[PDB]
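> Just dropping in an experimental structure and the matching sequence.
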Amino acid sequence: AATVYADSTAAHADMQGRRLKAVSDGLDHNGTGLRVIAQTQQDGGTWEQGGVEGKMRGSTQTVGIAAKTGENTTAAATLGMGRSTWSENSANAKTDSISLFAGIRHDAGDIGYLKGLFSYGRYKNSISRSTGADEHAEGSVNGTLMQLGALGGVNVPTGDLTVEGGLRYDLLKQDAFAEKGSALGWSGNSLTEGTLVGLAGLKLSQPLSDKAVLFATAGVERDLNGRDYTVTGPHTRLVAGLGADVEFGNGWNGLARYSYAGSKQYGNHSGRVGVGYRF
Ligand SMILES: CCCCCCCCCCOCCOCCOCCOCCOCCO
């Protein structure tokens, strides 16, 4: 039972979906010219993954730009470096990751929009697992995760209700690996796994003034097919959330988001602070 590799990979993919959310949220904010954006997203939950409880923690720094590329078009490109962990009985794991995120949002005048999202990242999972009495196995595995996203949104309003919904496809290719350091060390084969995710969501923006807005978010998210990262060697979550963009003046804006995702046997706190500069 090397469930620790499946689980850490799963924990990374799950974090990656929120990283993509953040870049896609960055498509909405834009007014005038071109923004440059620096962000920290922290993550923190527990997760029973088929009999095994674990604890994920995660930190991601991102730098990004977004800009009106057209009278009705917005584009964003973000670069993200992540460090996350995953714990279990007997074993824990640290994931390093480097990811590029890209998004385009086309508006149909004021009635709604479509978004395309894409991401390519690499990851490295370092596992150590107690295998005995002061005996550990160390194991190192690389993978690639790609995401593709299509969302449509309408924009009904006294402040603003946007409804938003679509799909995200996660393609994970993970390399073969082998553990050093133990006589009951384990090897595992490469793994390709593609998962469609359905997404649906509500954003209630209320502007406070000319220089600040607060939003509430409620959302739904569910794998539409299998998401098995068990190497050879599906529940709906509700997410509720809060936010606030503020214009500090002289080009600078700030950003605060907090979010909780839940299903049976899953719970994750996601937070986010961003500082921004509009040229
Ligand atoms: C967990 C610790 C990590 C600390 C590191 C901090 C991460 C920062 C990432 C560094 O890169 C920043 C730059 O990212 C910018 C995004 O790329 C924009 C590319 O622009 C394309 C050029 O435009 C052509 C016109 O279409």
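Arrived safely. Residues are numbered from 1 along each chain as shown.

> And what about the closest residue to residue 210 other than its chain neighbours, helix, strand or coil?
Closest residue to residue 210 apart from its sequence neighbours, by C-beta to C-beta, 6 or more residues apart in numbering: residue 247 at 7.7 Å. All C-beta spots, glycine's among them, are computed from the backbone N, C-alpha and C. Local secondary structure at residue 247 is given as strand here, using DSSP: H, G, I helix; E, B strand; the rest coil.

> Compute the number of surrounding residues for residue 247.
The local packing count at residue 247 equals 17, with neighbours defined by other C-beta atoms under 10 Å.

> ok, now residue 159?
In terms of burial, residue 159 registers 12 neighbours under the definition other C-beta under 10 Å.

> next one: residue 109
For residue 109, using other C-beta under 10 Å, the count is 8.

> gap between the residue lying closest to it once chain neighbours are set aside and residue 169?
If you skip the residues right next to it in sequence, residue 109 has residue 72 as its closest partner in space, 7.3 Å away by C-beta to C-beta, 6+ apart. Taken as C-beta to C-beta, to the nearest Å, the spacing of residue 72 relative to residue 169 amounts to 25 Å.

> who's more crowded, those two?
Under the neighbour definition other C-beta under 10 Å, residue 72 and residue 169 were set side by side, and residue 169 has more, 15 against 12.

> element containing that one?
Taking DSSP states H and E as the definition, residue 169 sits inside strand 160-174.

> And that strand, how far out from the chain middle?
Taking C-alpha atoms, centre = their mean, to the nearest Å, the mean C-alpha location of strand 160-174 is offset from the chain mean by 10 Å.

> and that strand, what does it pack onto?
Contacts defined by 3 or more C-beta pairs under 8 Å, 6 or more residues apart in numbering; DSSP states H and E place strand 160-174 against helix 3-25, strand 136-154, strand 191-207.

> Relative to the second one, what are the paired strands and their orientations?
Its sheet considered, strand 136-154 pairs with strand 112-130 (antiparallel), strand 160-174 (antiparallel), strand 177-180 (antiparallel) by DSSP bridges.

> Save those as JSON lines, and put in distance to the ligand too.
Shown next, in JSON lines, are the strands paired with strand 136-154 (distance: least, C-beta to the nearest ligand atom, whole Å):
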{"stretch": "strand 112-130", "distance to the ligand": "12"}
{"stretch": "strand 160-174", "distance to the ligand": "21"}
{"stretch": "strand 177-180", "distance to the ligand": "23"}
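
> Next, the angle helix 3-25 makes with the strand holding residue 169.
Computed by axes from the mean of the first three to the mean of the last three C-alpha atoms, to 10 degrees, the angle separating strand 160-174 from helix 3-25 equals 140 degrees.

> angle of strand 160-174 against strand 191-207?
Here strand 160-174 points in a direction 160 degrees away from that of strand 191-207 (the same axes, to 10 degrees).

> With only the CA atoms kept, save strand 160-174 in CSV.
Coordinates of the C-alpha atoms in strand 160-174 are reproduced here as CSV (Å, rounded to 0.1, in the frame of the first residue of the first chain):
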residue,chain,number,x,y,z
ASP,A,160,-23.7,42.4,-9.5
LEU,A,161,-24.6,38.7,-9.9
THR,A,162,-22.4,36.7,-12.4
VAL,A,163,-23.3,33.0,-13.1
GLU,A,164,-20.4,31.0,-14.5
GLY,A,165,-20.1,27.4,-15.6
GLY,A,166,-18.1,24.9,-17.7
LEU,A,167,-15.6,22.2,-17.8
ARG,A,168,-11.9,21.7,-16.9
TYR,A,169,-10.0,18.7,-18.3
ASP,A,170,-6.9,17.7,-16.2
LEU,A,171,-4.3,15.6,-18.0
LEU,A,172,-1.7,14.2,-15.7
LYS,A,173,1.3,12.3,-17.0
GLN,A,174,3.5,11.0,-14.2
